[PDB]
>>> print(open('final01.tsv').read())   # TSV, C-alpha atoms
chain	number	residue	atom	x	y	z
K	1	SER	CA	0.00	0.00	0.00
K	2	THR	CA	0.83	3.68	-0.16
K	3	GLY	CA	-0.53	7.00	1.06
K	4	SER	CA	-0.13	10.60	-0.10
K	5	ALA	CA	-1.38	13.73	1.69
K	6	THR	CA	-0.90	17.44	1.16
K	7	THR	CA	0.68	19.40	3.99
K	8	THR	CA	-0.11	23.11	4.31
K	9	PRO	CA	1.62	25.91	6.22
K	10	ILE	CA	-0.50	27.20	9.13
K	11	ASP	CA	0.36	30.84	8.49
K	12	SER	CA	2.27	33.20	6.21
K	13	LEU	CA	5.58	32.44	7.97
K	14	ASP	CA	5.49	28.63	7.64
K	15	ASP	CA	5.49	28.40	11.44
K	16	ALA	CA	4.29	24.80	11.14
K	17	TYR	CA	2.52	22.53	8.66
K	18	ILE	CA	-0.79	20.71	9.01
K	19	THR	CA	-1.89	17.55	7.24
K	20	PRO	CA	-5.45	16.20	7.28
K	21	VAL	CA	-5.92	12.85	9.05
K	22	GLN	CA	-9.05	10.70	9.15
K	23	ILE	CA	-9.80	9.17	12.57
K	24	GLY	CA	-12.62	6.81	13.44
K	25	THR	CA	-15.80	5.53	11.85
K	26	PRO	CA	-17.40	7.53	10.36
K	27	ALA	CA	-14.27	9.52	9.68
K	28	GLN	CA	-13.48	12.56	11.79
K	29	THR	CA	-10.91	14.66	9.94
K	30	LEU	CA	-8.39	16.53	12.07
K	31	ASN	CA	-5.47	18.66	10.90
K	32	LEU	CA	-2.35	17.31	12.57
K	33	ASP	CA	1.24	18.49	12.82
K	34	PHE	CA	3.38	15.64	11.44
K	35	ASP	CA	6.39	15.59	13.73
K	36	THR	CA	9.48	13.51	12.97
K	37	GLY	CA	10.86	14.64	16.34
K	38	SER	CA	8.29	12.86	18.51
K	39	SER	CA	6.34	9.63	18.62
K	40	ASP	CA	2.87	10.28	19.98
K	41	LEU	CA	-0.29	10.71	17.89
K	42	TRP	CA	-2.40	12.95	20.12
K	43	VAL	CA	-5.52	15.00	19.45
K	44	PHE	CA	-7.74	17.66	20.88
K	45	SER	CA	-10.88	15.81	21.89
K	46	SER	CA	-14.27	15.84	23.54
K	47	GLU	CA	-12.31	15.10	26.75
K	48	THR	CA	-10.12	18.21	26.58
K	49	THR	CA	-10.74	20.76	29.34
K	50	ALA	CA	-13.24	23.13	27.70
K	51	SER	CA	-11.35	26.32	28.57
K	52	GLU	CA	-8.30	24.86	26.81
K	53	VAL	CA	-10.10	24.45	23.48
K	54	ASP	CA	-10.22	27.59	21.32
K	55	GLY	CA	-11.17	26.83	17.73
K	56	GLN	CA	-9.56	23.43	17.23
K	57	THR	CA	-11.42	20.52	15.70
K	58	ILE	CA	-11.96	17.76	18.26
K	59	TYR	CA	-12.01	13.97	18.10
K	60	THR	CA	-15.07	12.54	19.82
K	61	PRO	CA	-14.40	8.86	20.44
K	62	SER	CA	-17.95	8.14	21.61
K	63	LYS	CA	-19.11	8.92	18.05
K	64	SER	CA	-16.67	6.43	16.52
K	65	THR	CA	-17.94	2.86	16.23
K	66	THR	CA	-14.38	1.57	15.93
K	67	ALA	CA	-12.96	3.46	18.94
K	68	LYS	CA	-11.96	1.35	21.94
K	69	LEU	CA	-10.66	2.72	25.22
K	70	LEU	CA	-7.20	1.33	25.94
K	71	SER	CA	-7.75	0.31	29.53
K	72	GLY	CA	-5.52	2.00	32.08
K	73	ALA	CA	-3.40	3.78	29.47
K	74	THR	CA	-2.32	7.37	29.91
K	75	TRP	CA	0.14	9.67	28.21
K	76	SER	CA	1.98	12.88	28.98
K	77	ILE	CA	4.48	14.73	26.83
K	78	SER	CA	6.63	17.84	27.04
K	79	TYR	CA	8.26	19.32	23.96
K	80	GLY	CA	11.54	21.19	23.50
K	81	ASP	CA	9.64	24.46	23.04
K	82	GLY	CA	8.18	24.18	26.55
K	83	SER	CA	4.69	23.07	25.50
K	84	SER	CA	2.93	19.98	26.87
K	85	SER	CA	-0.23	17.87	26.84
K	86	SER	CA	-1.62	14.72	28.50
K	87	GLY	CA	-4.61	12.40	28.61
K	88	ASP	CA	-5.96	8.90	27.97
K	89	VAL	CA	-5.77	6.56	24.97
K	90	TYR	CA	-8.09	4.94	22.47
K	91	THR	CA	-7.36	2.61	19.61
K	92	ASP	CA	-9.14	3.50	16.38
K	93	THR	CA	-8.83	3.49	12.61
K	94	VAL	CA	-6.51	6.17	11.27
K	95	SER	CA	-6.01	7.03	7.60
K	96	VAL	CA	-3.56	9.42	5.95
K	97	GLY	CA	-3.93	10.18	2.28
K	98	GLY	CA	-5.49	6.81	1.48
K	99	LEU	CA	-3.30	4.69	3.79
K	100	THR	CA	-5.21	3.03	6.63
K	101	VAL	CA	-4.04	1.65	9.97
K	102	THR	CA	-6.52	-0.21	12.17
K	103	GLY	CA	-5.88	-0.31	15.91
K	104	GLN	CA	-3.77	2.85	15.96
K	105	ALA	CA	-3.25	4.38	19.41
K	106	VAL	CA	-4.99	7.76	19.37
K	107	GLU	CA	-3.99	9.74	22.42
K	108	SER	CA	-6.89	11.90	23.54
K	109	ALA	CA	-5.93	15.10	25.35
K	110	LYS	CA	-7.51	15.88	28.69
K	111	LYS	CA	-5.09	18.80	29.20
K	112	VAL	CA	-3.02	20.92	26.80
K	113	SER	CA	-0.66	23.79	27.53
K	114	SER	CA	-1.42	27.37	26.57
K	115	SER	CA	0.55	27.44	23.32
K	116	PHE	CA	-1.59	24.61	21.94
K	117	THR	CA	-4.82	26.30	23.02
K	118	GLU	CA	-3.65	29.54	21.43
K	119	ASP	CA	-3.04	27.89	18.05
K	120	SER	CA	-6.46	27.19	16.56
K	121	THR	CA	-4.95	25.67	13.40
K	122	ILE	CA	-3.34	22.59	14.96
K	123	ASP	CA	-5.70	19.84	16.11
K	124	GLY	CA	-2.91	17.62	17.45
K	125	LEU	CA	0.37	15.94	16.51
K	126	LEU	CA	1.24	12.82	14.54
K	127	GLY	CA	4.63	11.57	15.69
K	128	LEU	CA	7.02	10.02	13.16
K	129	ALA	CA	10.17	9.53	15.25
K	130	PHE	CA	10.95	6.06	16.64
K	131	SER	CA	8.40	4.29	18.78
K	132	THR	CA	10.88	4.04	21.66
K	133	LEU	CA	9.98	7.70	22.46
K	134	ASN	CA	6.23	7.05	22.72
K	135	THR	CA	4.95	8.22	26.12
K	136	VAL	CA	1.98	5.88	26.64
K	137	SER	CA	2.08	4.15	30.01
K	138	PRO	CA	2.11	1.42	31.18
K	139	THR	CA	2.26	-0.11	27.69
K	140	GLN	CA	4.17	1.91	25.09
K	141	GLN	CA	2.40	2.27	21.73
K	142	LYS	CA	3.62	2.32	18.14
K	143	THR	CA	3.64	5.26	15.73
K	144	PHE	CA	1.42	5.37	12.67
K	145	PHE	CA	4.46	4.71	10.46
K	146	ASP	CA	5.56	1.77	12.60
K	147	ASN	CA	2.08	0.23	12.35
K	148	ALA	CA	1.83	0.80	8.57
K	149	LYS	CA	5.37	-0.16	7.67
K	150	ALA	CA	4.94	-3.85	6.92
K	151	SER	CA	2.01	-3.12	4.59
K	152	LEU	CA	3.77	-0.38	2.63
K	153	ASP	CA	5.23	-1.06	-0.82
K	154	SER	CA	8.55	0.20	0.59
K	155	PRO	CA	9.18	0.93	4.30
K	156	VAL	CA	9.66	4.67	3.85
K	157	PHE	CA	7.95	7.99	4.11
K	158	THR	CA	8.98	11.28	2.50
K	159	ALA	CA	8.64	14.90	3.53
K	160	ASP	CA	8.38	17.54	0.80
K	161	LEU	CA	7.61	20.77	2.65
K	162	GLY	CA	6.82	23.91	0.70
K	163	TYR	CA	8.15	27.44	1.12
K	164	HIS	CA	5.09	29.64	1.59
K	165	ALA	CA	3.17	26.90	-0.26
K	166	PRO	CA	1.68	23.44	0.22
K	167	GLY	CA	3.78	20.29	0.04
K	168	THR	CA	3.41	16.56	0.43
K	169	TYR	CA	3.92	13.66	2.81
K	170	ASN	CA	4.10	10.31	1.02
K	171	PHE	CA	4.09	6.87	2.62
K	172	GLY	CA	5.41	3.76	0.98
K	173	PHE	CA	6.98	5.17	-2.18
K	174	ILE	CA	9.44	7.68	-3.55
K	175	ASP	CA	8.01	10.12	-6.09
K	176	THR	CA	10.88	10.41	-8.53
K	177	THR	CA	9.28	13.48	-10.15
K	178	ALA	CA	9.41	15.45	-6.88
K	179	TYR	CA	13.14	16.20	-6.79
K	180	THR	CA	16.07	17.04	-9.03
K	181	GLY	CA	19.32	15.12	-9.33
K	182	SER	CA	19.84	12.17	-7.01
K	183	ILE	CA	18.94	11.35	-3.45
K	184	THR	CA	22.00	11.17	-1.19
K	185	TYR	CA	21.54	8.79	1.72
K	186	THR	CA	23.29	9.19	5.05
K	187	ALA	CA	23.55	7.10	8.23
K	188	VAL	CA	21.07	7.42	11.10
K	189	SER	CA	21.51	6.75	14.78
K	190	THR	CA	18.31	5.76	16.54
K	191	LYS	CA	19.96	5.70	19.99
K	192	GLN	CA	18.06	8.80	21.16
K	193	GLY	CA	14.87	7.82	19.31
K	194	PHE	CA	15.31	10.51	16.63
K	195	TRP	CA	16.20	10.60	12.96
K	196	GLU	CA	19.70	11.63	14.01
K	197	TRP	CA	22.40	12.08	11.38
K	198	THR	CA	25.64	13.96	10.74
K	199	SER	CA	25.90	16.79	8.25
K	200	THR	CA	29.29	17.12	6.57
K	201	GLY	CA	29.44	20.91	6.86
K	202	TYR	CA	28.13	24.26	5.70
K	203	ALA	CA	28.56	27.41	3.64
K	204	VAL	CA	27.19	30.92	4.04
K	205	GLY	CA	26.05	32.56	0.83
K	206	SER	CA	28.67	32.22	-1.90
K	207	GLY	CA	31.35	31.53	0.70
K	208	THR	CA	33.64	28.54	0.82
K	209	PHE	CA	32.29	25.28	2.21
K	210	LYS	CA	33.53	24.40	5.69
K	211	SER	CA	33.95	20.66	6.18
K	212	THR	CA	32.89	19.86	9.74
K	213	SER	CA	30.68	17.22	11.33
K	214	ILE	CA	27.36	18.49	12.64
K	215	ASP	CA	25.28	15.89	14.46
K	216	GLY	CA	21.59	16.74	14.54
K	217	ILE	CA	18.03	15.57	14.01
K	218	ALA	CA	15.70	15.84	11.05
K	219	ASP	CA	12.66	17.33	12.77
K	220	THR	CA	9.58	18.37	10.81
K	221	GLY	CA	7.96	19.50	14.07
K	222	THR	CA	10.51	22.23	14.72
K	223	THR	CA	10.17	25.46	12.73
K	224	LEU	CA	13.73	26.74	12.64
K	225	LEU	CA	17.26	25.53	12.02
K	226	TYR	CA	19.23	25.21	15.26
K	227	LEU	CA	22.99	24.85	14.84
K	228	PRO	CA	26.18	25.35	16.89
K	229	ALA	CA	26.93	28.90	18.01
K	230	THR	CA	30.05	29.09	15.85
K	231	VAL	CA	28.08	28.27	12.69
K	232	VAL	CA	25.23	30.61	13.54
K	233	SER	CA	27.60	33.48	14.31
K	234	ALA	CA	29.30	32.97	10.95
K	235	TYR	CA	25.94	33.19	9.18
K	236	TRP	CA	24.64	36.32	10.90
K	237	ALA	CA	28.00	38.10	10.57
K	238	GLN	CA	27.13	38.33	6.86
K	239	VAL	CA	23.97	40.34	7.59
K	240	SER	CA	24.55	44.00	8.33
K	241	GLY	CA	22.96	44.96	11.62
K	242	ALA	CA	22.15	41.43	12.76
K	243	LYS	CA	22.65	40.72	16.43
K	244	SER	CA	21.79	38.20	19.10
K	245	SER	CA	19.15	39.64	21.39
K	246	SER	CA	18.79	38.12	24.85
K	247	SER	CA	15.47	39.91	25.33
K	248	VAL	CA	13.95	38.62	22.11
K	249	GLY	CA	15.55	35.20	22.52
K	250	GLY	CA	17.81	34.89	19.50
K	251	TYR	CA	19.29	36.53	16.45
K	252	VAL	CA	17.34	39.38	14.95
K	253	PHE	CA	18.12	41.39	11.85
K	254	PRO	CA	16.88	44.53	10.08
K	255	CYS	CA	13.76	43.69	8.10
K	256	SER	CA	15.24	45.70	5.21
K	257	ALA	CA	18.10	43.19	4.80
K	258	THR	CA	18.55	40.75	1.96
K	259	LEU	CA	19.59	37.49	3.59
K	260	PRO	CA	22.31	35.21	2.23
K	261	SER	CA	21.63	31.55	1.53
K	262	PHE	CA	22.85	28.78	3.82
K	263	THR	CA	24.18	25.49	2.49
K	264	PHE	CA	24.43	22.25	4.46
K	265	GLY	CA	26.26	19.08	3.50
K	266	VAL	CA	24.78	15.61	3.13
K	267	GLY	CA	27.77	13.45	2.36
K	268	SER	CA	29.33	15.00	-0.74
K	269	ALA	CA	26.00	16.59	-1.69
K	270	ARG	CA	24.84	20.09	-0.87
K	271	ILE	CA	21.39	21.44	0.05
K	272	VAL	CA	20.97	25.21	-0.45
K	273	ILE	CA	18.51	27.09	1.78
K	274	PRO	CA	17.62	30.34	0.01
K	275	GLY	CA	18.01	33.48	2.08
K	276	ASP	CA	14.29	34.25	2.04
K	277	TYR	CA	13.59	30.95	3.87
K	278	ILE	CA	15.52	32.36	6.84
K	279	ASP	CA	13.23	35.43	7.31
K	280	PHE	CA	10.60	34.93	10.06
K	281	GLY	CA	9.29	38.45	9.95
K	282	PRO	CA	8.87	41.23	12.49
K	283	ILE	CA	9.57	40.34	16.13
K	284	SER	CA	6.30	42.06	17.05
K	285	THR	CA	3.62	43.55	14.82
K	286	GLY	CA	4.91	46.66	13.06
K	287	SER	CA	8.53	46.27	14.16
K	288	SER	CA	11.38	46.73	11.69
K	289	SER	CA	13.42	44.13	13.56
K	290	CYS	CA	12.94	40.65	12.09
K	291	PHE	CA	13.46	37.22	13.65
K	292	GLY	CA	16.07	34.93	12.16
K	293	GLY	CA	15.39	31.40	10.98
K	294	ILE	CA	18.84	30.11	11.91
K	295	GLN	CA	19.44	30.11	15.65
K	296	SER	CA	21.92	28.70	18.15
K	297	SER	CA	21.39	25.23	19.58
K	298	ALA	CA	23.61	26.05	22.56
K	299	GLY	CA	21.61	25.01	25.59
K	300	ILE	CA	19.20	22.83	23.59
K	301	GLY	CA	21.74	20.05	23.79
K	302	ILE	CA	21.16	18.95	20.21
K	303	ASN	CA	21.25	20.46	16.74
K	304	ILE	CA	17.90	20.50	14.94
K	305	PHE	CA	17.40	20.46	11.19
K	306	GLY	CA	13.87	21.86	11.38
K	307	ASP	CA	11.52	23.08	8.68
K	308	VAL	CA	13.86	25.90	7.53
K	309	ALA	CA	16.34	23.22	6.42
K	310	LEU	CA	13.99	20.42	5.46
K	311	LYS	CA	11.78	22.57	3.21
K	312	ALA	CA	14.82	23.17	0.98
K	313	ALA	CA	14.93	19.43	0.26
K	314	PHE	CA	13.05	16.32	-0.65
K	315	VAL	CA	13.67	14.14	2.41
K	316	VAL	CA	13.41	10.36	2.64
K	317	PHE	CA	12.85	8.80	6.04
K	318	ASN	CA	13.92	5.25	5.27
K	319	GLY	CA	12.61	2.79	7.85
K	320	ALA	CA	14.42	-0.26	6.53
K	321	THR	CA	15.93	-2.66	9.08
K	322	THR	CA	18.83	-0.22	9.33
K	323	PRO	CA	17.19	3.20	8.98
K	324	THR	CA	18.79	5.93	6.86
K	325	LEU	CA	17.91	9.45	5.71
K	326	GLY	CA	17.91	10.65	2.11
K	327	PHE	CA	18.16	14.25	0.86
K	328	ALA	CA	17.70	15.62	-2.62
K	329	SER	CA	17.50	19.12	-4.02
K	330	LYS	CA	14.18	20.07	-5.59
>>> encode(input="final01.tsv", output="structure tokens")
Amino acid sequence: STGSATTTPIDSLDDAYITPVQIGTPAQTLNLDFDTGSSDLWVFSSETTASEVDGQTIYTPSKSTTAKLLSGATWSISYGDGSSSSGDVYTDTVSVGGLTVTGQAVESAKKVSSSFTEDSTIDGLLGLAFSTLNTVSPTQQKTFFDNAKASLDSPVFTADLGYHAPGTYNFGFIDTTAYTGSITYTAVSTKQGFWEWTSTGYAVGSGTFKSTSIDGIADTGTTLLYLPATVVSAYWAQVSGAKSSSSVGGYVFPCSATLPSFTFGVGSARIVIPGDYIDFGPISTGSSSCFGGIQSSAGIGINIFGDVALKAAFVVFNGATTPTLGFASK
């Protein structure tokens, strides 16, 4: 089998991407944030504290004839951005772009943190990291990809995120019309439960490529590109007036600037992030100071190849017996 679904930016800045997901019988369609940095499929629901729901679409398991309460199961998650959610668990039928999993763990939120409430466009998350990170207790549950894998034509999914435009998540096949040149594959460590890999280096604008190992994760659920302080300083030094602001919480730059591109290495291959992808707009409405899309990972503890990086590429998440990651230009 295969599946194919369009993924759409939630706002004009590409702050995140939502993908429609069918849950239950009859189908209840929710718009979920596909997150290769986590491993829980959780949803706003009829069980969510009412004051914590503000415009989201909810899953109502009592209206699904295929929903079954997973007895005694609970979940609770906290994300790198400080947000969190928790609740109970059902199994139900879940379909993405034509691909159906029966008996998928659907984690129903009883509580969500303020940032989730405040974002009316995201109805929940669909985790696509390794199932070892799944938070369900006392019996850990599998991701949608893990459950579908054996049935897929090929044990892969691909992320093709758009810049200020829709893109595509495919399951089970590689669309050879969706990228240019070849796909370069690179080794993955699953030891931390992430799609963790090592970039071979970087360049800033038309500058010379610096060969240096950068270990990090391919994370569709993180907006920005988080890299070592040395790398980030080298980038922003090429932007007149750019500075790191402790009060704002990262590098900012004059909104009048033209940003240079940023290149990262995948083996001997090179992925070029155009400068415009690195502009996240005014720090507050009407400001002429703009927030940068490349930021320091110092104090995160890990480098994160988030949407800023991934949207410059066609990315293969290869879930073969030994997982690997593939990147192509597009």
>>> residues_around(input="final01.tsv", residues="residue K:44", least_positions_apart="6", cutoff="6 Å", atoms="all atoms listed in the file", output="list in words")
residues 58, 109, 123 and 124 of chain K
>>> residues_around(input="final01.tsv", residues="residue K:208", least_positions_apart="4", cutoff="12 Å", atoms="only C-alpha atoms", output="PyMOL selection string")
chain K and resi 201-204+234+262-264
>>> write_last_selection(input="final01.tsv", atoms="C-alpha atoms", output="short mmCIF file (atom, residue, chain, number, x, y, z; two decimals), in the frame of the given file")
data_model
loop_
_atom_site.label_atom_id
_atom_site.label_comp_id
_atom_site.auth_asym_id
_atom_site.auth_seq_id
_atom_site.Cartn_x
_atom_site.Cartn_y
_atom_site.Cartn_z
CA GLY K 201 29.44 20.91 6.86
CA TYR K 202 28.13 24.26 5.70
CA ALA K 203 28.56 27.41 3.64
CA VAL K 204 27.19 30.92 4.04
CA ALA K 234 29.30 32.97 10.95
CA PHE K 262 22.85 28.78 3.82
CA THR K 263 24.18 25.49 2.49
CA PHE K 264 24.43 22.25 4.46
#
>>> residues_around(input="final01.tsv", residues="residue K:60", least_positions_apart="4", cutoff="12 Å", atoms="all atoms listed in the file", output="list in words")
residues 23, 24, 25, 26, 27, 28, 29, 30, 43, 44, 45, 46, 47, 48, 64, 65, 66, 67, 68, 90, 92, 106, 107, 108 and 109 of chain K
>>> closest_residue(input="final01.tsv", among="K:329, K:284, K:49, K:211", to="residue K:255", atoms="all atoms listed in the file")
K:284
>>> residues_around(input="final01.tsv", residues="residue K:39", least_positions_apart="2", cutoff="7 Å", atoms="all atoms listed in the file", output="list in words")
residues 41, 127, 128, 129, 130, 131, 133, 134 and 143 of chain K
>>> atom_distance(input="final01.tsv", atom1="atom CA of residue K:1", atom2="atom CA of residue K:146")
13.9 Å
>>> residues_around(input="final01.tsv", residues="residue K:238", least_positions_apart="4", cutoff="12 Å", atoms="only C-alpha atoms", output="compact mmCIF listing (two decimals) with C-alpha atoms, in the coordinates of the input")
# COMPACT_ATOMS: atom_id res chain seq x y z
CA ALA K 203 28.56 27.41 3.64
CA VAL K 204 27.19 30.92 4.04
CA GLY K 205 26.05 32.56 0.83
CA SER K 206 28.67 32.22 -1.90
CA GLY K 207 31.35 31.53 0.70
CA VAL K 231 28.08 28.27 12.69
CA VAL K 232 25.23 30.61 13.54
CA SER K 233 27.60 33.48 14.31
CA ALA K 234 29.30 32.97 10.95
CA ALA K 242 22.15 41.43 12.76
CA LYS K 243 22.65 40.72 16.43
CA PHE K 253 18.12 41.39 11.85
CA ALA K 257 18.10 43.19 4.80
CA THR K 258 18.55 40.75 1.96
CA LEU K 259 19.59 37.49 3.59
CA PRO K 260 22.31 35.21 2.23
CA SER K 261 21.63 31.55 1.53
CA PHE K 262 22.85 28.78 3.82
CA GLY K 275 18.01 33.48 2.08
>>> closest_residue(input="final01.tsv", among="K:247, K:7, K:22, K:121", to="residue K:104", atoms="only C-alpha atoms")
K:22
>>> build_atoms(input="final01.tsv", residues="stretch 206-233 of chain K", atoms="N, CA and C atoms", output="PDB file, in the coordinates of the input")
ATOM      1  N   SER K 206      27.755  32.722  -0.883  1.00  0.00           N
ATOM      2  CA  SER K 206      28.670  32.220  -1.900  1.00  0.00           C
ATOM      3  C   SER K 206      30.040  31.886  -1.309  1.00  0.00           C
ATOM      4  N   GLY K 207      30.110  31.826   0.015  1.00  0.00           N
ATOM      5  CA  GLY K 207      31.350  31.530   0.700  1.00  0.00           C
ATOM      6  C   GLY K 207      31.839  30.112   0.531  1.00  0.00           C
ATOM      7  N   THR K 208      33.076  29.872   0.937  1.00  0.00           N
ATOM      8  CA  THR K 208      33.640  28.540   0.820  1.00  0.00           C
ATOM      9  C   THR K 208      32.996  27.565   1.806  1.00  0.00           C
ATOM     10  N   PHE K 209      32.861  26.323   1.372  1.00  0.00           N
ATOM     11  CA  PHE K 209      32.290  25.280   2.210  1.00  0.00           C
ATOM     12  C   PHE K 209      33.279  24.878   3.295  1.00  0.00           C
ATOM     13  N   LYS K 210      32.776  24.839   4.523  1.00  0.00           N
ATOM     14  CA  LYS K 210      33.530  24.400   5.690  1.00  0.00           C
ATOM     15  C   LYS K 210      33.174  22.951   5.977  1.00  0.00           C
ATOM     16  N   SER K 211      34.162  22.064   5.883  1.00  0.00           N
ATOM     17  CA  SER K 211      33.950  20.660   6.180  1.00  0.00           C
ATOM     18  C   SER K 211      34.059  20.466   7.687  1.00  0.00           C
ATOM     19  N   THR K 212      32.954  20.047   8.298  1.00  0.00           N
ATOM     20  CA  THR K 212      32.890  19.860   9.740  1.00  0.00           C
ATOM     21  C   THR K 212      31.666  19.036  10.060  1.00  0.00           C
ATOM     22  N   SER K 213      31.799  18.086  10.979  1.00  0.00           N
ATOM     23  CA  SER K 213      30.680  17.220  11.330  1.00  0.00           C
ATOM     24  C   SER K 213      29.692  17.908  12.250  1.00  0.00           C
ATOM     25  N   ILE K 214      28.434  17.930  11.831  1.00  0.00           N
ATOM     26  CA  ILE K 214      27.360  18.490  12.640  1.00  0.00           C
ATOM     27  C   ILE K 214      26.293  17.432  12.879  1.00  0.00           C
ATOM     28  N   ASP K 215      26.269  16.891  14.090  1.00  0.00           N
ATOM     29  CA  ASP K 215      25.280  15.890  14.460  1.00  0.00           C
ATOM     30  C   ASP K 215      23.961  16.590  14.790  1.00  0.00           C
ATOM     31  N   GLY K 216      22.862  16.136  14.217  1.00  0.00           N
ATOM     32  CA  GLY K 216      21.590  16.740  14.540  1.00  0.00           C
ATOM     33  C   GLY K 216      20.438  15.883  14.101  1.00  0.00           C
ATOM     34  N   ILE K 217      19.219  16.371  14.314  1.00  0.00           N
ATOM     35  CA  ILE K 217      18.030  15.570  14.010  1.00  0.00           C
ATOM     36  C   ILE K 217      17.222  16.217  12.901  1.00  0.00           C
ATOM     37  N   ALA K 218      16.630  15.378  12.059  1.00  0.00           N
ATOM     38  CA  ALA K 218      15.700  15.840  11.050  1.00  0.00           C
ATOM     39  C   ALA K 218      14.333  15.892  11.706  1.00  0.00           C
ATOM     40  N   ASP K 219      13.834  17.112  11.932  1.00  0.00           N
ATOM     41  CA  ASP K 219      12.660  17.330  12.770  1.00  0.00           C
ATOM     42  C   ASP K 219      11.604  18.216  12.111  1.00  0.00           C
ATOM     43  N   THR K 220      10.594  17.598  11.518  1.00  0.00           N
ATOM     44  CA  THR K 220       9.580  18.370  10.810  1.00  0.00           C
ATOM     45  C   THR K 220       8.706  19.171  11.779  1.00  0.00           C
ATOM     46  N   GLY K 221       8.740  18.808  13.058  1.00  0.00           N
ATOM     47  CA  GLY K 221       7.960  19.500  14.070  1.00  0.00           C
ATOM     48  C   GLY K 221       8.620  20.701  14.703  1.00  0.00           C
ATOM     49  N   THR K 222       9.837  21.022  14.269  1.00  0.00           N
ATOM     50  CA  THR K 222      10.510  22.230  14.720  1.00  0.00           C
ATOM     51  C   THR K 222      10.579  23.198  13.550  1.00  0.00           C
ATOM     52  N   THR K 223      10.251  24.463  13.800  1.00  0.00           N
ATOM     53  CA  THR K 223      10.170  25.460  12.730  1.00  0.00           C
ATOM     54  C   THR K 223      11.523  25.832  12.148  1.00  0.00           C
ATOM     55  N   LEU K 224      12.473  26.102  13.035  1.00  0.00           N
ATOM     56  CA  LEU K 224      13.730  26.740  12.640  1.00  0.00           C
ATOM     57  C   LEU K 224      14.877  25.753  12.557  1.00  0.00           C
ATOM     58  N   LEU K 225      16.012  26.276  12.125  1.00  0.00           N
ATOM     59  CA  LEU K 225      17.260  25.530  12.020  1.00  0.00           C
ATOM     60  C   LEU K 225      18.139  25.927  13.184  1.00  0.00           C
ATOM     61  N   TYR K 226      18.427  24.971  14.068  1.00  0.00           N
ATOM     62  CA  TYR K 226      19.230  25.210  15.260  1.00  0.00           C
ATOM     63  C   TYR K 226      20.579  24.525  15.115  1.00  0.00           C
ATOM     64  N   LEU K 227      21.635  25.332  15.117  1.00  0.00           N
ATOM     65  CA  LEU K 227      22.990  24.850  14.840  1.00  0.00           C
ATOM     66  C   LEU K 227      23.980  25.405  15.875  1.00  0.00           C
ATOM     67  N   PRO K 228      25.215  24.879  15.891  1.00  0.00           N
ATOM     68  CA  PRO K 228      26.180  25.350  16.890  1.00  0.00           C
ATOM     69  C   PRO K 228      26.440  26.851  16.799  1.00  0.00           C
ATOM     70  N   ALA K 229      26.745  27.460  17.936  1.00  0.00           N
ATOM     71  CA  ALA K 229      26.930  28.900  18.010  1.00  0.00           C
ATOM     72  C   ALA K 229      27.946  29.424  17.020  1.00  0.00           C
ATOM     73  N   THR K 230      29.010  28.662  16.777  1.00  0.00           N
ATOM     74  CA  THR K 230      30.050  29.090  15.850  1.00  0.00           C
ATOM     75  C   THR K 230      29.483  29.249  14.437  1.00  0.00           C
ATOM     76  N   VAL K 231      28.670  28.286  14.024  1.00  0.00           N
ATOM     77  CA  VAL K 231      28.080  28.270  12.690  1.00  0.00           C
ATOM     78  C   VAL K 231      27.103  29.428  12.544  1.00  0.00           C
ATOM     79  N   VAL K 232      26.254  29.590  13.548  1.00  0.00           N
ATOM     80  CA  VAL K 232      25.230  30.610  13.540  1.00  0.00           C
ATOM     81  C   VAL K 232      25.841  32.005  13.525  1.00  0.00           C
ATOM     82  N   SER K 233      26.919  32.193  14.291  1.00  0.00           N
ATOM     83  CA  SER K 233      27.600  33.480  14.310  1.00  0.00           C
ATOM     84  C   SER K 233      28.176  33.797  12.926  1.00  0.00           C
TER      85      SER K 233
END
